[PDB]
Amino acid sequence: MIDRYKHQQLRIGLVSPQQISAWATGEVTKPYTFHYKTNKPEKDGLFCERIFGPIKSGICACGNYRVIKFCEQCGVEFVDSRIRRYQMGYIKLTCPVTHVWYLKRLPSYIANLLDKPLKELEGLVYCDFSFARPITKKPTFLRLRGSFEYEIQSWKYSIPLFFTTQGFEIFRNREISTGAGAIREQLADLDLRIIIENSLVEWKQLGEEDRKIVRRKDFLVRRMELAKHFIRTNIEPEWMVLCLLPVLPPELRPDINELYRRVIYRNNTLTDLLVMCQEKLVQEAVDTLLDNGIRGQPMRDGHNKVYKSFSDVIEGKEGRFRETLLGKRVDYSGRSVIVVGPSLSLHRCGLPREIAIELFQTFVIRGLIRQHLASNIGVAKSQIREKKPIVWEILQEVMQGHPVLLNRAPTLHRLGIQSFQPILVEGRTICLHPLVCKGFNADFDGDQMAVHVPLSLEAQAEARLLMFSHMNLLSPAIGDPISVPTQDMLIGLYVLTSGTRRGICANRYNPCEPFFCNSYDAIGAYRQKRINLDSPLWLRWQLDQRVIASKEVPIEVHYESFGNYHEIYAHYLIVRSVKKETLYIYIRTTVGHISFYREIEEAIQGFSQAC
Amino acid sequence: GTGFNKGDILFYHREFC
Amino acid sequence: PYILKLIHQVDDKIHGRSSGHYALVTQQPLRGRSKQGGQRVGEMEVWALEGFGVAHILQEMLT
RNA sequence: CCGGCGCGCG
Ligand SMILES: [Mg+2]
């Protein structure tokens, strides 16, 4: 067989400022969210209707309307408000800011690719440190190496005075620079192949010669591994420092808006100046927006409460991955307290009228309309709300053959959710079969269950042919039966099959019972109070010897001179003869063993006859 | 499970008779 | 004996839902009986559906 | 229709 090939993929990659612009194209320039009076989206703000899309689909910021492209006065599109959930914006940062994930997280990717200690980069980005010789692909004329913490006295007055201002600034950012701009310049002019070769040769030199002699090696292996991945992909190492800041769509942030304001609050302040301190404030605003809590003390709000960043909202047990994506709340679902029903079949459950009418509402509407008892959908829904007596006939009709899924709360294995055929029961409780309680680990002291309705034909087929209880009698753990009688049923069976009192518990003195043609006679005598449940009796047996008993020789053989002999065992009597081939069997038993055997036999025979 | 392995001549030409 | 009647009773626990209001961001059905919300199919319930192999029941409760 | 705090049920 040729496999039905399906080649589907998804990939993440570090994004480019050009791709950010293509997302937004659309720049958010003002930190205003809404008008204080009219509660309208402020233009160029975090909720700008021109940037992100029309609130109240098909209307402009002015108030015009068109049938569901751009307006002239306010320039708002004519589309659905769906776009406000997907359209991105961007913030044009005056200075580049590094991405916190790629600088502060350990081990730092920027530090390893640039090959400098992390404290040096942190001082360069946060403190007032200037880096010497940031780029190499352009010539220089100075002998400043490393990152001098102190400002160079000559570079402050002498060289700027000799080299004036315009040309000096023209060649300024080629020998000395500071902040994330220097880091981005270093990343942009990196030669990755040279990095790989230098790392390999240094690794060989170290090897040809014992803790940090190894840790330096692991850095070299890590760096050339990191350098290789940039060559074969389309990612650029300078994208780890951000030039633009994408903005979340407004409808996803109806806390986050506060952090977006601060970026605009401090970036628009910085562009007014154009100073070192304000550049750092913009960088910290982006870090708090992107990832709080990595920089030691996390920035708090006025209430001394830690802000929540995108990393916080995507990670953790309550994050997007583990709470919104791996589990969902669903429609066509109900819940109620479960009570025991011993008269139910193993494949049936009982549903309250309210839960059933809610879950099967659309099917009841179809049933109403189909037989001309409802003119339209609205009339049918009004009839359903009025609890008309004909709503329940249609509900009972449409529930036939449509399975439902029950589920108890702590689903520890797959038998924690099973499929049953719903029937309408009075009250407000879910009627549950007693033999399926062990699979659900359910008892009737306050437990509740959820109900789900498969809608499509494929789901109904799956529920009927895979999840019903009569095809799930074995547990997948070891293969043992899961629907075994327990407690009350087990006690009843034990009492039924506990035979006669024997020995000194039957007779007061040392002994120095009715005979029934068939089991029906014995059971009839029991019904007429002629015998007890455990009183001994002899039953004529006309089948093969199939009674479980100890493998023992007869207690006593009564051999007659005419040829017939009687063999007396502990639990049966066998009459044989030498003249004939006759062989009679009488079983010493009670009405209880007969009843158990007849129950199982009649179950088998009735199931066979019904098919 | 159920998702595995991706789940006119002879006309207008009769005998004139 | 002396038997008490407790607050935990039906008429305060029976809940049903066909469809209705959804969350503003996640667009999933609401949470809570008072809000006419739906029942949550968590990851442990998703594991059980994957144990049965019912891939189309699972997609209904996901999309 | 957003999050924290407190109290509960299985
Ligand atoms: Mg219980």
Side-chain angles (χ1 to χ4, degrees), chain A residues 7-20 96-126 129 131-137 145-147 177 179-244 246 283 286-287 290-291 293-295 309-311 314-316 319 321:
Chain A
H7 312 286
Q8 60 172 356
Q9 69 180 358
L10 48 75
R11 48 160 281 167
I12 41 180
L14 232 176
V15 88
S16 61
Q18 299 83 8
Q19 185 60 270
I20 298 178
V97 301
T98 178
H99 198 296
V100 49
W101 274 359
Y102 300 107
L103 180 71
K104 291 210 60 60
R105 286 198 166 272
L106 262 296
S108 178
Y109 286 128
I110 290 180
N112 295 15
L113 194 47
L114 294 183
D115 197 359
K116 294 124 171 56
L118 182 53
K119 303 193 297 184
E120 189 258 12
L121 286 320
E122 289 169 328
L124 179 64
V125 177
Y126 298 155
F129 291 165
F131 183 77
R133 199 183 310 268
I135 64 181
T136 306
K137 298 187 183 301
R145 66 174 69 97
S147 180
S177 186
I183 280 193
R184 195 174 199 275
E185 293 300 318
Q186 295 173 55
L187 296 171
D189 74 325
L190 280 174
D191 197 350
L192 305 166
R193 300 163 171 89
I194 300 300
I195 294 176
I196 299 176
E197 176 47 45
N198 296 341
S199 303
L200 192 269
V201 85
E202 188 179 348
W203 180 93
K204 295 187 68 177
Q205 202 284 325
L206 286 173
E208 71 186 16
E209 296 180 357
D210 283 311
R211 281 199 174 183
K212 62 110 111 177
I213 195 69
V214 154
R215 302 213 315 181
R216 175 58 182 179
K217 262 183 164 184
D218 302 6
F219 178 87
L220 291 174
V221 183
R222 193 190 310 115
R223 185 188 183 189
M224 62 190 302
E225 180 181 358
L226 178 58
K228 269 188 176 181
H229 283 98
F230 288 104
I231 302 186
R232 282 301 271 172
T233 48
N234 53 277
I235 320 294
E236 299 292 344
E238 69 248 15
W239 297 347
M240 312 158 75
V241 172
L242 301 175
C243 295
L244 303 181
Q283 196 271 357
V286 180
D287 291 2
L290 291 186
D291 194 319
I294 298 189
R295 205 193 154 277
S309 56
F310 286 110
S311 177
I314 68 170
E315 87 195 359
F321 277 100

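Each chain gets a letter, A, B and so on, in the order its sequence line appears, and its residues count up from 1.
- Scanning for salt bridge (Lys or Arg N to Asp or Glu O under 4.0 Å) contacts around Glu122(A) gives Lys104(A), with sequence neighbours left out.
- Counting all heavy atoms, side chain and backbone alike, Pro96(A) lies closest to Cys243(A) at CB-SG, 4.3 Å.
- Among pairs with a residue in residues 195-214 of chain A, those fulfilling salt bridge (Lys or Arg N to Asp or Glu O under 4.0 Å) read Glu202(A)-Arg216(A), at least two apart in sequence or across chains.
- A donor-acceptor distance shorter than 3.5 angstrom exists from the side chain of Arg223(A) to the backbone of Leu113(A), with no hydrogens or angles considered.
- In this structure, OG1 in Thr98(A) is found 7.5 Å from OH in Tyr126(A), a value given to the nearest 0.5 Å.
- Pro246(A) and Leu244(A) get closest at one heavy-atom pair: CD-O, 3.7 Å.
- Residues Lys217(A) and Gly207(A) approach most closely at NZ-CA, 3.3 Å, considering heavy atoms.
- Other residues, nucleotides and ligands contribute over 12 non-hydrogen atoms within 6.0 Å of the NZ atom of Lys116(A).
- Across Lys137(A) and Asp189(A), no two heavy atoms sit closer than the pair CE-O, 3.4 Å.
- Side-chain atoms of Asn198(A) come within 3.5 Å of backbone N or O of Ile194(A) as a donor-acceptor pair.
- Nearest heavy atom pair, residue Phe129(A) against residue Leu124(A), reads O-CD1, 3.3 Å.
- Just one of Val97(A), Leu103(A), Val100(A) meets the side-chain contact (heavy atoms from CB on, under 4.5 Å) condition when paired with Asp287(A); it is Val100(A).
- In this view, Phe230(A) satisfies the ring pair (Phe, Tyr, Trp, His ring centres under 6.0 Å) rule with no residue, not counting sequence neighbours.
- Note that CZ of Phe131(A) and OG of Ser177(A) are 9.5 Å apart. Values are rounded to the nearest 0.5 Å.
- Between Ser309(A) and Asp291(A), the shortest heavy-atom contact is OG-CA, 3.4 Å.
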